[PDB]
$ cat model.cif   # mmCIF, C-alpha atoms
data_input
loop_
_atom_site.label_atom_id
_atom_site.label_comp_id
_atom_site.auth_asym_id
_atom_site.auth_seq_id
_atom_site.Cartn_x
_atom_site.Cartn_y
_atom_site.Cartn_z
CA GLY A 1 23.48 3.45 -9.26
CA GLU A 2 23.52 1.73 -12.65
CA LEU A 3 19.99 2.92 -13.46
CA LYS A 4 20.89 6.60 -12.88
CA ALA A 5 23.97 6.06 -15.04
CA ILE A 6 21.73 4.85 -17.87
CA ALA A 7 19.46 7.89 -17.48
CA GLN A 8 22.49 10.20 -17.60
CA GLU A 9 23.75 8.66 -20.83
CA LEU A 10 20.29 9.03 -22.35
CA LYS A 11 20.36 12.72 -21.38
CA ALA A 12 23.69 13.07 -23.24
CA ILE A 13 22.17 11.30 -26.25
CA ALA A 14 19.21 13.70 -26.28
CA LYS A 15 21.68 16.62 -26.22
CA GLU A 16 23.60 15.31 -29.22
CA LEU A 17 20.36 14.71 -31.13
CA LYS A 18 19.32 18.31 -30.42
CA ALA A 19 22.66 19.38 -31.94
CA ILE A 20 22.07 17.21 -35.01
CA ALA A 21 18.59 18.76 -35.43
CA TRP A 22 20.15 22.20 -35.29
CA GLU A 23 22.73 21.40 -37.97
CA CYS A 24 20.13 19.76 -40.22
CA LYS A 25 18.19 23.03 -39.82
CA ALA A 26 21.28 24.90 -40.96
CA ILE A 27 21.69 22.62 -43.98
CA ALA A 28 18.05 23.23 -44.95
CA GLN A 29 18.51 26.99 -44.58
CA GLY A 30 21.35 26.75 -47.07
CA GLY B 1 27.10 -6.66 -14.80
CA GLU B 2 24.74 -6.35 -17.75
CA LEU B 3 23.45 -3.05 -16.37
CA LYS B 4 26.88 -1.43 -16.65
CA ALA B 5 27.30 -2.94 -20.12
CA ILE B 6 24.14 -1.14 -21.23
CA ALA B 7 25.43 2.19 -19.89
CA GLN B 8 28.74 1.68 -21.70
CA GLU B 9 27.01 1.04 -25.03
CA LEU B 10 24.93 4.19 -24.52
CA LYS B 11 28.18 6.09 -23.95
CA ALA B 12 29.43 4.78 -27.30
CA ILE B 13 26.17 5.81 -28.92
CA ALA B 14 26.48 9.36 -27.55
CA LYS B 15 30.03 9.55 -28.98
CA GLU B 16 28.91 8.57 -32.48
CA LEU B 17 26.07 11.08 -32.35
CA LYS B 18 28.57 13.79 -31.37
CA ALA B 19 30.55 12.87 -34.49
CA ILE B 20 27.44 13.04 -36.68
CA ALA B 21 26.66 16.52 -35.30
CA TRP B 22 30.18 17.64 -36.18
CA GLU B 23 29.98 16.42 -39.77
CA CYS B 24 26.49 17.88 -40.24
CA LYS B 25 27.84 21.25 -39.10
CA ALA B 26 30.45 20.99 -41.86
CA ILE B 27 27.80 20.07 -44.43
CA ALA B 28 25.82 23.17 -43.38
CA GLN B 29 28.90 25.37 -43.75
CA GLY B 30 29.38 24.22 -47.34
CA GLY C 1 19.50 -13.26 -20.64
CA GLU C 2 17.16 -10.43 -21.60
CA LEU C 3 19.52 -7.78 -20.22
CA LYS C 4 22.35 -9.07 -22.41
CA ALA C 5 20.05 -9.09 -25.43
CA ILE C 6 19.39 -5.40 -24.81
CA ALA C 7 23.11 -4.65 -24.61
CA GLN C 8 23.70 -6.56 -27.84
CA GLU C 9 21.09 -4.51 -29.71
CA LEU C 10 22.67 -1.32 -28.38
CA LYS C 11 26.00 -2.56 -29.78
CA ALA C 12 24.29 -2.95 -33.16
CA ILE C 13 22.90 0.58 -32.85
CA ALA C 14 26.38 1.98 -32.10
CA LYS C 15 27.69 0.12 -35.17
CA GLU C 16 25.14 1.69 -37.51
CA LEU C 17 25.70 5.16 -36.04
CA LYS C 18 29.45 4.84 -36.70
CA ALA C 19 28.59 4.08 -40.32
CA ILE C 20 26.28 7.10 -40.51
CA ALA C 21 29.06 9.25 -39.05
CA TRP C 22 31.51 8.03 -41.71
CA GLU C 23 29.04 8.75 -44.53
CA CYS C 24 28.25 12.23 -43.18
CA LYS C 25 32.00 12.90 -43.21
CA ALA C 26 32.06 11.84 -46.87
CA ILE C 27 29.13 14.16 -47.64
CA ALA C 28 30.89 17.06 -45.89
CA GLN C 29 34.07 16.37 -47.79
CA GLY C 30 32.17 16.37 -51.08
CA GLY D 1 7.75 -9.81 -21.10
CA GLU D 2 8.44 -6.10 -21.49
CA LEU D 3 12.18 -6.76 -21.31
CA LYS D 4 11.98 -8.83 -24.53
CA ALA D 5 9.66 -6.13 -25.88
CA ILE D 6 12.39 -3.56 -25.22
CA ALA D 7 14.99 -5.67 -27.04
CA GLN D 8 12.59 -6.07 -29.97
CA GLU D 9 12.13 -2.32 -30.31
CA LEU D 10 15.90 -1.83 -30.16
CA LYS D 11 16.23 -4.34 -32.99
CA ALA D 12 13.76 -2.24 -35.00
CA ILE D 13 15.75 0.89 -34.19
CA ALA D 14 18.98 -0.75 -35.40
CA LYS D 15 17.22 -1.71 -38.66
CA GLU D 16 16.08 1.86 -39.30
CA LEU D 17 19.59 3.18 -38.60
CA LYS D 18 20.99 0.68 -41.12
CA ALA D 19 18.55 2.13 -43.65
CA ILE D 20 19.69 5.66 -42.82
CA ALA D 21 23.34 4.60 -43.28
CA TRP D 22 22.46 3.22 -46.71
CA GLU D 23 20.73 6.40 -47.85
CA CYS D 24 23.59 8.54 -46.52
CA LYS D 25 26.00 6.42 -48.56
CA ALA D 26 23.97 7.25 -51.65
CA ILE D 27 23.98 10.97 -50.80
CA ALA D 28 27.75 10.79 -50.35
CA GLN D 29 28.12 9.03 -53.70
CA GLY D 30 26.36 11.89 -55.47
CA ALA D 31 28.46 14.41 -53.56
CA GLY E 1 4.15 -0.13 -15.73
CA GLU E 2 7.28 1.88 -16.45
CA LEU E 3 8.92 -0.96 -18.39
CA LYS E 4 5.96 -0.85 -20.77
CA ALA E 5 6.35 2.93 -20.84
CA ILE E 6 9.98 2.50 -21.89
CA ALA E 7 9.01 0.08 -24.66
CA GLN E 8 6.36 2.52 -25.88
CA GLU E 9 8.88 5.36 -26.18
CA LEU E 10 11.28 3.09 -28.05
CA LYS E 11 8.43 2.36 -30.48
CA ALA E 12 8.03 6.11 -31.01
CA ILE E 13 11.78 6.40 -31.54
CA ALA E 14 11.67 3.65 -34.17
CA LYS E 15 8.83 5.51 -35.95
CA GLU E 16 10.82 8.76 -36.11
CA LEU E 17 13.91 6.95 -37.40
CA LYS E 18 11.76 5.39 -40.14
CA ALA E 19 10.75 8.93 -41.10
CA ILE E 20 14.37 10.11 -41.14
CA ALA E 21 15.29 7.15 -43.35
CA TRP E 22 12.57 8.09 -45.82
CA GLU E 23 13.66 11.74 -45.95
CA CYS E 24 17.28 10.71 -46.48
CA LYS E 25 16.09 8.46 -49.31
CA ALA E 26 14.32 11.47 -50.82
CA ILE E 27 17.50 13.54 -50.54
CA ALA E 28 19.42 10.70 -52.21
CA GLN E 29 16.87 10.23 -55.01
CA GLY E 30 17.14 13.90 -55.94
CA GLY F 1 12.10 6.50 -9.77
CA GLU F 2 14.98 6.18 -12.22
CA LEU F 3 12.85 3.98 -14.48
CA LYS F 4 10.51 6.92 -14.94
CA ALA F 5 13.59 9.09 -15.49
CA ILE F 6 14.70 6.72 -18.26
CA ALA F 7 11.27 6.90 -19.92
CA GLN F 8 11.36 10.71 -19.72
CA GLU F 9 14.74 10.87 -21.44
CA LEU F 10 13.46 8.52 -24.13
CA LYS F 11 10.54 10.92 -24.66
CA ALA F 12 13.07 13.73 -25.13
CA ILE F 13 15.03 11.59 -27.60
CA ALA F 14 11.86 10.94 -29.62
CA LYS F 15 11.15 14.68 -29.70
CA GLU F 16 14.60 15.50 -31.06
CA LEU F 17 14.33 12.75 -33.68
CA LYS F 18 10.99 14.26 -34.78
CA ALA F 19 12.85 17.56 -35.26
CA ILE F 20 15.59 15.87 -37.29
CA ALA F 21 12.95 14.27 -39.52
CA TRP F 22 11.32 17.65 -40.10
CA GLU F 23 14.60 19.34 -41.03
CA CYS F 24 15.61 16.46 -43.31
CA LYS F 25 12.20 16.90 -44.95
CA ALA F 26 13.12 20.53 -45.61
CA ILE F 27 16.49 19.51 -47.09
CA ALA F 28 14.72 16.95 -49.31
CA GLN F 29 12.27 19.58 -50.54
CA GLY F 30 15.23 21.61 -51.76
#
$ encode --input "model.cif" --output "structure tokens"
Amino acid sequence: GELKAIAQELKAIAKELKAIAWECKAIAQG
Amino acid sequence: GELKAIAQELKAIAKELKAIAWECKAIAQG
Amino acid sequence: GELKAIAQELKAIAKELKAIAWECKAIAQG
Amino acid sequence: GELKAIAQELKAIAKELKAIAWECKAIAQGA
Amino acid sequence: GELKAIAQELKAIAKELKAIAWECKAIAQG
Amino acid sequence: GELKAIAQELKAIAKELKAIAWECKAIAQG
């Protein structure tokens, strides 16, 4: 339904934020 | 419906976060 | 409605994230 | 209700993201 | 309720974004 | 329920934002 669709987009958002955390880690390392 | 509208805005949000991850990767590389 | 209000705030969130993406691109370029 | 409460927190989230955009602009300017 | 639970997580999300804003300010100030 | 699922993804989003704040703190320190 529409409520599962919202949960699925939030899962994609969490995945992109995890990627941003990883790159900010890489910036700090440099 | 409003429900679908919310899911579509979350899709747009995921896309912008994907772009931020890409630019942060480039910052880390430099 | 309250559901519309939520969608409108998510639109504002997408707008600010696009700006953050553009600035991170400028940081990467510099 | 909680539905207005949810919109109010999203408004706060938008405000913090606007602040992040502003600081990133300043980082870019010094870049 | 779960709608209250959703609002409570969004409050936590706002708090972390406030922290990110402060750290970005510190990066900018240096 | 999907409403619980939504709250659980928001918890994951908060966790990744906490990580971003921590890494930005490390960038700021340098």
$ resolve_selection --input "model.cif" --expression "the PyMOL selection byres ((chain E and resi 4) around 10)" --output "PyMOL selection string"
(chain D and resi 1-3+5-6) or (chain E and resi 1-3+5-10) or (chain F and resi 7)
$ resolve_selection --input "model.cif" --expression "the PyMOL selection byres ((chain B) within 12 of (chain D))" --output "PDB file with C-alpha atoms, in the coordinates of the input"
ATOM      1  CA  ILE B   6      24.140  -1.140 -21.230  1.00  0.00           C
ATOM      2  CA  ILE B  13      26.170   5.810 -28.920  1.00  0.00           C
ATOM      3  CA  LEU B  17      26.070  11.080 -32.350  1.00  0.00           C
ATOM      4  CA  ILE B  20      27.440  13.040 -36.680  1.00  0.00           C
ATOM      5  CA  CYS B  24      26.490  17.880 -40.240  1.00  0.00           C
ATOM      6  CA  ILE B  27      27.800  20.070 -44.430  1.00  0.00           C
ATOM      7  CA  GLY B  30      29.380  24.220 -47.340  1.00  0.00           C
TER       8      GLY B  30
END
$ atom_distance --input "model.cif" --atom1 "atom CA of residue 25 of chain A" --atom2 "atom CA of residue 26 of chain B"
12.6 Å
$ atom_distance --input "model.cif" --atom1 "atom CA of residue 15 of chain D" --atom2 "atom CA of residue 22 of chain B"
23.4 Å
$ calpha_fit_and_write --input "model.cif" --fixed "chain F" --moving "chain C" --output "mmCIF file with C-alpha atoms, in the frame of the given file"
data_model
loop_
_atom_site.group_PDB
_atom_site.id
_atom_site.type_symbol
_atom_site.label_atom_id
_atom_site.label_comp_id
_atom_site.auth_asym_id
_atom_site.auth_seq_id
_atom_site.Cartn_x
_atom_site.Cartn_y
_atom_site.Cartn_z
ATOM 1 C CA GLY C 1 11.842 6.719 -9.804
ATOM 2 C CA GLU C 2 14.857 5.797 -11.917
ATOM 3 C CA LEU C 3 12.733 3.847 -14.404
ATOM 4 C CA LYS C 4 10.532 6.891 -15.006
ATOM 5 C CA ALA C 5 13.608 9.068 -15.461
ATOM 6 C CA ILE C 6 14.730 6.710 -18.220
ATOM 7 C CA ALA C 7 11.345 6.920 -19.935
ATOM 8 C CA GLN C 8 11.436 10.712 -19.717
ATOM 9 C CA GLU C 9 14.837 10.883 -21.425
ATOM 10 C CA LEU C 10 13.557 8.577 -24.161
ATOM 11 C CA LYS C 11 10.655 11.010 -24.652
ATOM 12 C CA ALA C 12 13.223 13.785 -25.106
ATOM 13 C CA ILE C 13 15.091 11.626 -27.624
ATOM 14 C CA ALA C 14 11.883 11.015 -29.615
ATOM 15 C CA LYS C 15 11.262 14.785 -29.598
ATOM 16 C CA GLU C 16 14.662 15.595 -31.092
ATOM 17 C CA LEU C 17 14.342 12.840 -33.703
ATOM 18 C CA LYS C 18 10.994 14.292 -34.833
ATOM 19 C CA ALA C 19 12.774 17.611 -35.321
ATOM 20 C CA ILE C 20 15.558 15.939 -37.308
ATOM 21 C CA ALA C 21 12.923 14.232 -39.459
ATOM 22 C CA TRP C 22 11.235 17.576 -40.188
ATOM 23 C CA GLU C 23 14.548 19.208 -41.155
ATOM 24 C CA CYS C 24 15.525 16.288 -43.408
ATOM 25 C CA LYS C 25 12.168 16.740 -45.152
ATOM 26 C CA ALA C 26 13.048 20.411 -45.677
ATOM 27 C CA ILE C 27 16.456 19.442 -47.092
ATOM 28 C CA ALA C 28 14.823 16.940 -49.468
ATOM 29 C CA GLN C 29 12.320 19.525 -50.585
ATOM 30 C CA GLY C 30 15.111 22.006 -51.285
#
